[PDB]
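See structure below.
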Amino acid sequence: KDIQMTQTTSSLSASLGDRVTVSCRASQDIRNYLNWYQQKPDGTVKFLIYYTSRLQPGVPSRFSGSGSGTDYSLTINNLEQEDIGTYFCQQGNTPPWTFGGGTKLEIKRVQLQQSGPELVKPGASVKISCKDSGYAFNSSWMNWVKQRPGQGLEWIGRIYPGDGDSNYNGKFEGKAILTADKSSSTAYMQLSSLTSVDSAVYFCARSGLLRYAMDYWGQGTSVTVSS
Amino acid sequence: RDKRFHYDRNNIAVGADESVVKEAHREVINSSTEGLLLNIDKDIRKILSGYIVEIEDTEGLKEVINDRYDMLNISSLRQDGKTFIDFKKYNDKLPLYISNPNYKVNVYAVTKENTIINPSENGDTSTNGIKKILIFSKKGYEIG
């Protein structure tokens, strides 16, 4: 089955200068293939650490991942206002990749451009678009992640513009249809036949250099569905 | 009998002494985040079944790129008879990602007398166990 990631502590607050610790917990030795992402307040998503403890360049030295087996954890030494956010922890050993549920951190007192918010009548299709502006499009994958409150994040699938190969998730086998256009660096998802269930946001994280990690994330695309 | 190679039945060759394998990949004609390109000799090229590429971080954690009991063969001989070990091959069409000059990029070789045809009694398929032999290992900045 899907390796089920668990983030027991769903939320927490802590003054500045605190050493916050966010803990993930796999359901079967993922052998280090685990990464952490920070979802800023501005609904965006940053790639922080990959493969348990390797820090993405740019990340402030006061971060650090840890573990091996099924108990990994992010530790933010002496917290700082610009660390606030909700941290997820997507594993990446045995696809489909699956993220945790996030541990929203508070404060006790655009290379990938996505489309526009869609609004559909229950039973119609839509075509969301990821418009990469960088240079590595047809040379780097393209994963589409689906966020909806309470459901951490679900990896949908991905296509490799450069040639056309694609991978899907079991739950989305019959729903999304990934298509891309190498001439205008753009990917498109096509949630066909919607339901009150699909009503969620849909990021399009591109995984370039690191098969099991999405580094740049779109902005999102509120696809709310009426009655 | 070279006495160096470890022969067998049919009196063939299935593996030499480490110091022998090391000596072949001893000369590298080219190394990049996409693969090696050293000059491997046919006498050896035969006993090897494949290679194992891994990225070892400064601390000490090692990640195997083609971590698989059967993705082991990323080598391939060319026109001018030069072996090109292809990193990019089993890393899902992506080349090696080195996020820090001091991360080493080890590349191991596996004599056929160690190669595993299938898993085990753990339903395991990892490159742990497979008695590998280091053959190349340059830091991140030494690669380029």
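In order, the protein sequence lines correspond to chains F and J.
With PDB author numbering as the guide, the letters of the first sequence map in order to residues 0 to 108, 1002 to 1052, 1052A, 1053 to 1082, 1082A to 1082C, 1083 to 1100, 1100A to 1100B, 1101 to 1113.
Counting in PDB author numbering, the second sequence runs from 592 upward without gaps.
The C-beta atom is built at its ideal place from N, Cα and C for all residues, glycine as well.
Where residue i falls: helix, strand or coil (DSSP)
i, result
"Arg595 (chain J)", "coil"
"residue 1179 (chain F)", "Nothing can be reported for residue 1179 (chain F): it is not among the residues displayed for chain F, which extend from 0 to 1113."
"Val611 (chain J)", "helix"
"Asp632 (chain J)", "coil"
"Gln1039 (chain F)", "strand"
"residue 1144 (chain F)", "The structure shown does not extend to residue 1144 (chain F), since chain F is modelled only from 0 to 1113, so the question has no answer here."
"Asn602 (chain J)", "helix"
"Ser1021 (chain F)", "strand"
"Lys103 (chain F)", "strand"
"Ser1075 (chain F)", "helix"
"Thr7 (chain F)", "coil"
"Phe1091 (chain F)", "strand"
"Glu733 (chain J)", "coil"
"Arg24 (chain F)", "coil"
"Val1111 (chain F)", "strand"
"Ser623 (chain J)", "strand"
"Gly1106 (chain F)", "coil"
"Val1012 (chain F)", "strand"
"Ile726 (chain J)", "strand"
"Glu1046 (chain F)", "strand"
"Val19 (chain F)", "strand"
"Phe87 (chain F)", "strand"
"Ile1068 (chain F)", "coil"
"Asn1060 (chain F)", "coil"
"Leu73 (chain F)", "strand"
Where residue i meets chain F, residues with beta-carbon distance less than 9 Å
i, result
"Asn709 (chain J)", "Going along chain F, no residue has its Cβ under 9 Å from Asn709 (chain J), so there is no contact; the nearest lies around 19 Å."
7 Å Cβ cut-off: residues of chain J touching residue i
i, result
"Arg53 (chain F)", "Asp648, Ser690"
Within-8 Å CB hit, residue i to chain F
i, result
"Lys684 (chain J)", "yes"
Within chain F, partners of residue i - CB distance below 8 Å
i, result
"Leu652 (chain J)", "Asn31, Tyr50, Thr51, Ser52, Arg53"
Whole-number beta carbon distance between residue j and residue i, since they are thought to touch under 8 Å
i, j, result
"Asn1035 (chain F)", "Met1100B (chain F)", "5 Å"
"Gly606 (chain J)", "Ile638 (chain J)", "5 Å"
"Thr674 (chain J)", "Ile721 (chain J)", "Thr674 (chain J) to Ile721 (chain J), Cβ: 20 Å. No contact."
"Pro95 (chain F)", "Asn31 (chain F)", "Not quite, the Cβ-Cβ distance comes to about 18 Å (not below 8 Å), so this is no contact."
"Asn1058 (chain F)", "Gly1049 (chain F)", "6 Å"
"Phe727 (chain J)", "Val701 (chain J)", "Not a contact, Cβ separation roughly 14 Å."
"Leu1082C (chain F)", "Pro1014 (chain F)", "6 Å"
"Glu625 (chain J)", "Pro686 (chain J)", "5 Å"
"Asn621 (chain J)", "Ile656 (chain J)", "Not a contact, Cβ separation roughly 18 Å."
"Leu1098 (chain F)", "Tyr688 (chain J)", "5 Å"
"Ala13 (chain F)", "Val19 (chain F)", "5 Å"
"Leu1004 (chain F)", "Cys1022 (chain F)", "6 Å"
"residue 1115 (chain F)", "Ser717 (chain J)", "Any property of residue 1115 (chain F) remains undetermined from this structure, which presents chain F solely from 0 to 1113."
"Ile2 (chain F)", "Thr93 (chain F)", "6 Å"
"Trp35 (chain F)", "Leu73 (chain F)", "5 Å"
"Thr1107 (chain F)", "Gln1006 (chain F)", "5 Å"
"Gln80 (chain F)", "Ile29 (chain F)", "Their Cβ separation, rounded to whole angstroms, is 32 Å, which puts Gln80 (chain F) and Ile29 (chain F) out of contact at 8 Å."
"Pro1052A (chain F)", "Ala1067 (chain F)", "Not a contact, Cβ separation roughly 16 Å."
"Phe596 (chain J)", "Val644 (chain J)", "Not really, about 25 Å apart at Cβ, beyond 8 Å."
Interface flag, residue i vs chain J, CB-CB below 8 Å
i, result
"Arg1094 (chain F)", "no"
"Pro1052A (chain F)", "no"
"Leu1098 (chain F)", "yes"
"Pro1014 (chain F)", "no"
"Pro56 (chain F)", "yes"
Report the residue ranges of all beta strand (DSSP E) runs contained in full by the region 634 to 721 of chain J; include only those spanning at least 3 residues, in chain order.
-> 639 to 647, 653 to 655, 695 to 702
Uninterrupted beta strand (DSSP E) stretches inside the region 26 to 71 of chain F (no shorter than 3 residues) = 33 to 38, 45 to 49
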